[PDB]
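Enquirer: coords below, sequence missing:
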Ligand SMILES: [Mg+2]
Ligand SMILES: [Zn+2]
Ligand SMILES: [Zn+2]
């Protein structure tokens, strides 16, 4: 409150000989943002509410959630196999591992399936492992001191077995690691001396899991309890939420084969098709500048810095495209994959960094 | 309802042969049209400076009912409004027959004219509760970047930059203040009603 | 991993950075028409604090 | 001669680059080209509709039978695969997408990797050993794929790696050709480097009125033996043609049963002079639907309606025809259209054999 | 009223507060190139103060 | 939806006006009436055609949104950057091959006959002939100079 | 955890050149820096070296997608 | 300390990208999570014994 701060060194050089505005300190503009908000490239070209949206959505993204995941038994944790450095990176990626892919996005109307915050995804992109990983759940079943024990129950001397369940999968009280558990299967055997009552554990989930790792550790009171780790093979599928670093989140609505996706004259085809109508009200301009910059980065072979509050010139960034052999607008002659007919309009297509938000449709 | 679906398919089957896109170059002004916007904004700031020089000489007399503070801010709020001619340099840069940002706005599919002006030409004055940015940083400062009792229009939320040009730190903060208000009021949307 | 967290009951917990009010300062707010409160602390961050309100 | 001017060009490594040369030398002792190279093929078609050329392209992309390497259920030995990061899902996805040029399904491979050193060890494709089938006189994949990596002390054992057959429309690991070029040579183009035209496609005719009949199609095949490039490419093209013919011939055995009550062909007499035919084929695609519509339209220029629909959520192609003839005459015209399609693709395959030496 | 006690300390400290707005106007007392402008109250009273002690409105 | 890989409730974009919904991650409830009485009144009383006109505002709720609004403009637009906005018989027919209505008759058209965008729309609007005359959103006195 | 076997977007076999591309890339950057400490080589400066000609020498086409995924894919062996 | 004259400092070539090194230095010295561990170290060095002994 005793400080008069020049908001940048440009402002300080502007008032270098100005005796009527004497600054006490000079600021570095990027210092006004957190680390999550510094992920977003050209964040001052976006309306700031969407920067808030991204700061909410950046932490929600899947990726390499830890480097010790095989040594953990976690609940609802997602490990994504493939991750990429953005073609237009910011300073925040000097300190956090990026969790996303440089998807080729076409900004176009294609059949009406990306209307209102939906995207059309390439089924081939999904099959190859785009945003694919593994999902982990944990279970913790305890015993009583000499009243309860682990073991494959017998229907003759144990009462109140769970109706219509499968008890065969148990070996020495547990299903072996590496087998598929189904809806209704018994996953931990448990008998209780009173003759017996069946306090077994059943797998009540819609999608089958696989026993990843099972262990018999000791609790705080030095008692053996059952610990099961369940893994899920999670591809991207219809209903999963993606998002760019500008906060434009959307649900995968359709997945097309390779031969149904649009393709340019050079054979470039998108991974995502996002609606152009998501832009004008949201005013997420940093996503469009990122595609323009990242389109020439890929051909040049470089990764550039798109941190917020750096000097930018979209006119010169568009001329960088024309010098790399593309059009000034970054648009290309594109063909309809279903009919083979060219659109009467160049389509804006290029690499935009996208993320998978950890809202799985199968969980909801 | 049967005709909404049927005309929807004619519309969608046309575009699957005509194409529709928006690019970064749809939001970019010509260098000649960039100078026209800067001229218009300097006129806004020159008329804002004329009021301040009247404040310096004590030449601002309010009407019967208003104080000097509330009459000074009303004069500033109206002197920092974008003229209708701001769309001359925007419409000079674009081709309405091909520009996809314009056609979404012009046909009522999505967006509005202030959205196009904010992206392409300039954002202008931030109004919160139909009022400028009130000094809440210790008695006559709006931010740590501006001196106490600053008279420039930038000190109270006038953004001279468009989104496509990139805001600065004070302009980003003022726009952040404006955006956070709308989130809070939208949070009162659920509870109050 | 930078660390900086606790392990309790096998789970991982973080103690939230709490936005508390500054101590040893008079805070003035609005029968009782004004309220001036003060939470003195005799030196150090762990000492007991005695609040005083002047109404 | 419907199509001429094939241009075949493999993608080779440049060992004139010192960095690439040294890296190849001290990673794989590689001073020559890889046994399997990508091949770019560009073909010019003349006097043919883009329904036919694009159907050929779609078939060569993901509707032609192809082979991949899969792991049989239980082949991933969880016992001696002590490594924790190389999960079965990761390695299976890695192995499915290695391009192979295989000549029988009998071959079975195995991967037995041990890390008995103090550093992370990378598992390449030269570590896959053929365990069943006749011995390979030539490799079916390149030895340079990074299958995985092992932490010090860990292992990866995968048995029963076999050759699975499929189509890329179902799983992308069976995709064959990648798109590299498509153009029409009988439509003139603007200079789109000019900012006057940079928002338009570039063609001087709208796609709503243009009827191009001279095309250039370029596709890249991802793994072809070096001493047999022409022999591989030719084979691929022929198979594409035949695949289409086969599918067309299926519809050909439906039209001939227009007297018998059939679930895939429904006939109405709309009026005393109009006839409506609806053909529903399950799991068909835009390839056959578009070919059928185009050739029916060429046979009957004054048709009241011809249209088709492949709704994504229905897994079927529905072709509707409305015409001013009787059911006999409409079926005669439909058979003529299908015979024209088959003749076109037989001509294409004959020209394939005539062109590629 | 104001300018007398409601802001006397602030006005006397104004020529030394570095966060105050300066005006390019010469000083009569010490002939200094700049003065410090303060705009106090709802009537927006403008005072030009200087480090030498100069004050407008007869202060 | 007999594809086993789809777990979402799918609906037309023009139906989202009833529920104030969008596709950014919204969830919706669905129950199928199993009783005969509950099944009758679902179909006769609670069908969504009954909420086409708003009870709040007495005006329509549904219409084109975002792609059929900008796509109906392009279709009925008089001039394309390629000249007149016309299509040949094959492409005029192809606009109708998805509407799920009865296809129009194109028998009085050669393969080289060009059809205007308004001619194709008139083929569809003839089923329910209405009379309408207003200025479009396209014409704005703001943009006219 | 590695450069993918095929391009995520189009399916071109980018993996058959991945290993070489890694090692070559490293050597190439050491030529453009001039023998500096691994930390004294800033991360932002190592990414500004143009890899266009190197990737062309590998025999990879000028496709945006293939070069994007080849250049930007993170290797897990360098983060663990 | 008597610092050098301010009129003879060369900064006219300081780009706005040169100024991000200051943010790099600030984050490196601060550490992303820097105070959370300093607080616990003071708690286990100067905090717990004083609160146990000089309070009860
Ligand atoms: Mg929503
Ligand atoms: Zn003085
Ligand atoms: Zn690619």
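Expert: Yes, it's here. Numbers count the residues shown, from 1 in each chain, chains lettered A, B, ... in the order given. Ligands and ions are numbered 1, 2, ... in the order given.
Enquirer: just the strands in chain F please.
Expert: F:79-80, F:83-84, F:86-87, F:115-116 (DSSP state E).
Enquirer: which one of those has the most crowded surroundings?
Expert: strand F:86-87 (a mean of 22; mean count of other C-beta atoms under 10 Å in any protein chain shown). No exception for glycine: its C-beta is placed from N, CA and C like everyone else's.
Enquirer: Does chain D have contacts with it?
Expert: Yes - shown here: strand F:86-87 in contact with chain D (C-beta under 8 Å from any C-beta of the partner chain) through F:86-87.
Enquirer: Could you list the paired strands of that strand along with their orientation?
Expert: Using DSSP bridges, the strands paired with strand F:86-87 are strand F:115-116 (antiparallel).
Enquirer: Secondary structure class of residue D:109, three-state.
Expert: strand (DSSP: H, G, I helix; E, B strand; the rest coil).
Enquirer: ok, it - contacts?
Expert: D:69, D:128-131, D:161-162 (C-beta atoms under 8 Å, 6 or more residues apart in numbering or on different chains).
Enquirer: Close to chain F: what parts of chain B are there?
Expert: B:1-15, B:17-18, B:20, B:84, B:87-88, B:91, B:96-98, B:103-104, B:106-110, B:113.
Enquirer: Go again with 7 Å.
Expert: Contact residues, chain B versus chain F (C-beta under 7 Å from any C-beta of the partner chain): B:1, B:3-15, B:17-18, B:20, B:87, B:91, B:97-98, B:103-104, B:106-110, B:113.
Enquirer: hang on, the earlier thing: show me how to select, in ChimeraX, the buried members of the contacts of residue D:109.
Expert: Selection of buried members from the contacts of residue D:109 for ChimeraX, criterion 16 or more other C-beta atoms under 10 Å in any protein chain shown:
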select /D:69,128,161,162
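Enquirer: So what's the residue count around the residue of chain H found nearest chain E?
Expert: Nearest residue of chain H to chain E (C-beta to the nearest C-beta) works out as residue H:6 at 15.7 Å. Using other C-beta atoms under 10 Å in any protein chain shown, the number of residues around residue H:6 comes to 6.
Enquirer: And for residue D:78?
Expert: Count around residue D:78 with other C-beta under 10 Å applied: 13.
Enquirer: So it belongs to a strand, correct?
Expert: No - under three-state DSSP, residue D:78 falls outside any strand and is assigned coil.
Enquirer: I'd say it and residue A:178 touch.
Expert: Yes - assessed by C-beta atoms under 7 Å, residue D:78 is found in contact with residue A:178 at 4.7 Å.
Enquirer: host element of the closest residue to ligand 3 within chain H?
Expert: Per C-beta to the ion, residue H:17 is where chain H lies closest to ligand 3, at 31.6 Å. For residue H:17, there is no helix or strand it lies in under DSSP states H and E.
Enquirer: Spatially, and excluding backbone neighbours, which residue is closest to it.
Expert: Leaving aside its sequence neighbours, residue H:17 sits nearest to residue A:310 (C-beta to C-beta, 6 or more residues apart in numbering or on different chains; 6.5 Å).
Enquirer: State the distance from the one you found to residue B:169.
Expert: For residue A:310, the distance to residue B:169 equals 12 Å [C-beta to C-beta, to the nearest Å].
Enquirer: okay, these two: which has more neighbours?
Expert: residue B:169 (23 against 20).
Enquirer: residue contacts, the more buried one?
Expert: A:7-8, A:27, A:29, A:32, A:309 (C-beta atoms under 7 Å, 6 or more residues apart in numbering or on different chains).
Enquirer: Surely residue F:5 is in contact with residue A:237?
Expert: Yes - Residue F:5 is within contact range of residue A:237, at 6.0 Å (criterion: C-beta under 7 Å).
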